[PDB]
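The analysis underlying the following values was restricted to heavy atoms, covering all of them including side chains, and did not include hydrogens, waters or symmetry mates. The chains referred to below are lettered A, B, ... by the order of the sequence lines, with proteins before strands, and numbering in each begins at 1.
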Amino acid sequence: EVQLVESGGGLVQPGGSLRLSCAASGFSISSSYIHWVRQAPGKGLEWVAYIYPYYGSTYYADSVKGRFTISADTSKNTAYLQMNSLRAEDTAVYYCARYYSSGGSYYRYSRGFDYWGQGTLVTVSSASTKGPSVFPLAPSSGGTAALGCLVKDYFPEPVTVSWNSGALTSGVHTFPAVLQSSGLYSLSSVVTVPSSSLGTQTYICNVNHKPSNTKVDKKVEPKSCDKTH
Amino acid sequence: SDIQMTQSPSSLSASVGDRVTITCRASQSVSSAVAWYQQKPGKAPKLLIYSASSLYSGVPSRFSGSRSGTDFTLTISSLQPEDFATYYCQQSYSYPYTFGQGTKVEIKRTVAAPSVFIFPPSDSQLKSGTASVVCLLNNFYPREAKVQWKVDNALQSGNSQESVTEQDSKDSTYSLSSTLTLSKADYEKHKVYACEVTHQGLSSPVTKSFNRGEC
RNA sequence: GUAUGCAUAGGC
């Protein structure tokens, strides 16, 4: 029941400013050391800052120092990361994490971060928000058949895809998005299913691009080749 | 000055049941305050070890860690298909609390051949004046593979992009997706669209094609 | 090298 949730990520222009929120449940932030850790695309983890709300003590990594400050709101039981003068290199997933302030955390070494948030993506770019188009990949190998959606020309990341409202999980692969020469993202989500089931069962692509408020349900079915009817 | 955690190797591959050791060295004395984390792709890191030796609640017995001096070691006793991840150390001794650059652990398994599929463009896409053709390589191993598009025997280069999934944490396999993009005009000016797949589990390359305006 | 809970918080 202890949890941390990030909010406030999204597209921001170079030099602009952003405010991330880390919202705590099942504990008071005053009892814990709240940290921010960020990971740039295909990069390792980087420790950036922390606050201890009881003392009010803070520290900032050089990379963010003077452009970023952190604040605690005990009323909202939330920590905020105020990011200013954002740069392209600041583009990353931003995690809040904690360690509990325990006798052991002080006199001894138990500092490891026990609870993390899910992350929030911060994209620092001049480019403009644009929603995807969704195209079917229609099944025509062995006793199995493959089908999917092609989610094309969107920006920024992310896009989430589920199948039959999340009922269909096994069989699914959603591929890492690719950046095209246009500057827009494309990805495909594929599912292998028994070929026996193409008549019977419905297959629906559920596509969500939160930055542009675009949600699409795409029903994928094999194409029909007659033409004599 | 800031403490550096130098973690090695950058990456490793090992089979199921093997013992794996990842090591990390502090550039200065961190006095035993070291944690180890497991990060699955696209997901929050999970705490494994928190002092140089202590096991966090709920973490499996196969994970252990130990310290000699500034040298720190994480040990997986018998590698499991669920153990695929990147593994990071960190020091809590002095701010900033620095991470090692990480170690990605791939799990070896027996060679498997890609099941190949090919997807012609939708009609819907076509009216936008673009044609995307997708070639799917599903559930294979090892990760190296090759996809080559041919349009009426003309080899296509510079007009495609591919993406590979992270190793599956059950079957330890991979999946690949390749997209060939064309103007509709160029699409409707040709007939045979094919993708040829080269991999080890294939004794000979596989080709999967379609003809434009076919069904 | 032990309590990722509490707590004027350098104590329980």
Side-chain angles (χ1 to χ4, degrees), chain A residues 1-6 22-37 45 47-59 70-75 77-79 95-119, chain B residues 3 5 21-26 28-40 43-77 85 87-99:
Chain A
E1 63 179 301
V2 159
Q3 45 179 289
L4 301 88
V5 179
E6 297 94 330
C22 183
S25 327
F27 71 109
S28 318
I29 57 175
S30 314
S31 75
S32 298
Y33 282 61
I34 309 301
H35 299 250
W36 286 96
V37 176
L45 295 168
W47 188 90
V48 305
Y50 93 95
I51 195 183
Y52 183 30
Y54 184 73
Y55 282 158
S57 52
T58 64
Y59 191 98
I70 177 176
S71 77
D73 185 323
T74 50
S75 198
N77 195 45
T78 300
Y95 293 102
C96 65
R98 104 179 181 171
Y99 75 73
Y100 190 84
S101 184
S102 68
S105 69
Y106 181 76
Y107 296 101
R108 272 147 46 227
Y109 296 128
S110 325
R111 315 207 181 105
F113 297 173
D114 57 343
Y115 293 96
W116 294 63
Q118 81 288 352
Chain B
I3 297 166
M5 301 294 284
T21 67
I22 302 145
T23 68
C24 199
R25 164 175 241 214
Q28 304 183 43
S29 172
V30 291
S31 162
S32 154
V34 165
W36 291 95
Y37 296 96
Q38 177 185 32
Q39 177 173 47
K40 293 304 228 174
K43 270 228 186 72
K46 292 171 332 208
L47 177 63
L48 297 170
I49 286 162
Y50 61 93
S51 280
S53 47
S54 306
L55 198 56
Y56 178 67
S57 303
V59 180
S61 302
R62 63 174 170 288
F63 299 105
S64 87
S66 99
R67 164 194 181 192
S68 87
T70 59
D71 301 332
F72 292 81
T73 302
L74 170 79
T75 276
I76 305 181
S77 67
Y87 292 89
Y88 293 98
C89 48
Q90 184 190 25
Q91 67 84 17
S92 54
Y93 191 69
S94 177
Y95 288 111
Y97 281 173
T98 42
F99 288 95

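Checking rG5(C), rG1(C), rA9(C) against every side-chain atom of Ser101(A), the shortest atom distance belongs to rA9(C). Among the nucleotides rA7(C), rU4(C), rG1(C), the one closest to the side chain of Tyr52(A) is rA7(C). If you check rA9(C), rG1(C), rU4(C) against the side chain of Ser54(B), the one that comes closest is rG1(C). With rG1(C), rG10(C), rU4(C) as the candidates, the nucleotide lying closest to the side chain of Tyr99(A) is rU4(C).
When heavy atoms are screened at a 4.0 angstrom cut-off, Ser28(A) is found touching no nucleic acid atom at all. Counting any heavy atom pair closer than 4.0 Å across all strands shown, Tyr107(A) reaches a base atom.
Using a 30° and 60° split on the angle between ring planes, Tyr97(B) and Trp47(A) fall in the tilted class, from 30° to 60°. Using cut-offs of 30° and 60° for the angle between ring planes, the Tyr95(B) and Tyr59(A) rings count as parallel.
If you take atom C1' in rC6(C) and the same atom in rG1(C), they sit 23 Å apart, rounded to whole Å. Of the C1' atoms belonging to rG11(C) and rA3(C), the separation is 15 Å, rounded to the nearest Å. Nucleotides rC12(C) and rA7(C) have their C1' atoms positioned 7 Å apart, rounded to a whole Å.
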- Query: Dot-bracket for RNA chain C, 5' to 3', with Watson-Crick and G-U pairs under 3.5 Å, [ ] for crossing pairs and | for other-strand pairs: what is it?
  - Reply: ....((....))

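Distance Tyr37(B) OH to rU4(C) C1': 10 Å, rounded to the nearest Å. Rounded to a whole Å, the CH2 atom of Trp36(B) is 20 Å from the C1' atom of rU4(C). With rounding to whole Å, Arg111(A) atom CZ is found 16 Å from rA3(C) atom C1'. Between the OH atom of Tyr56(B) and the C1' atom of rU4(C) there is a distance of 6 Å, given to the nearest Å.
The closest donor-acceptor contact from the side chain of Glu1(A) to the backbone of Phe27(A) lies at 3.5 Å or more, if one exists at all. Judged by distance alone, with hydrogens and angles left aside, the side-chain atoms of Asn77(A) form a donor-acceptor pair with the main-chain N or O of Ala24(A) at under 3.5 Å.
Proximity of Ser51(B) to the phosphate of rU2(C): a side-chain N or O atom is located under 4.0 Å from OP1 or OP2. Contact annotation: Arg108(A) reaches the phosphate of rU2(C) (side-chain N/O to OP1 or OP2, under 4.0 Å). Within the structure, a side-chain polar atom (N or O) of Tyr50(B) is placed less than 4.0 Å from OP1 or OP2 of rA3(C). Taking only side-chain nitrogens and oxygens, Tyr106(A) never comes nearer than 4.0 Å to OP1 or OP2 of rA7(C).
Results of the side chain to side chain donor-acceptor pair (under 3.5 Å) test with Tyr52(A) over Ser101(A), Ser31(A), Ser57(A) single out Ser101(A) as the only residue that passes.
Atom NZ of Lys40(B) is surrounded by more than 12 heavy atoms from other residues, nucleotides or ligands within 6.0 Å.
Toward the 5' end of RNA chain C, the nearer of the two residues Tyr100(A) and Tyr33(A), judged by each one's closest nucleotide, is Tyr100(A).
Counting only N and O atoms by type, the side chains of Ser105(A) and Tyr33(A) include no donor and acceptor under 3.5 Å apart. At a cut-off of 3.5 Å, with distance as the only test, no side-chain donor of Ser54(B) or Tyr109(A) sits close to an acceptor on the other residue.
Both thresholds, 5.5 Å between centres and 30° between ring planes, are not jointly met by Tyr55(A) relative to the base of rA9(C), so the two rings are not stacked. An aromatic stack links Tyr54(A) and the base of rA9(C), using centre distance under 5.5 Å and interplanar angle under 30°.
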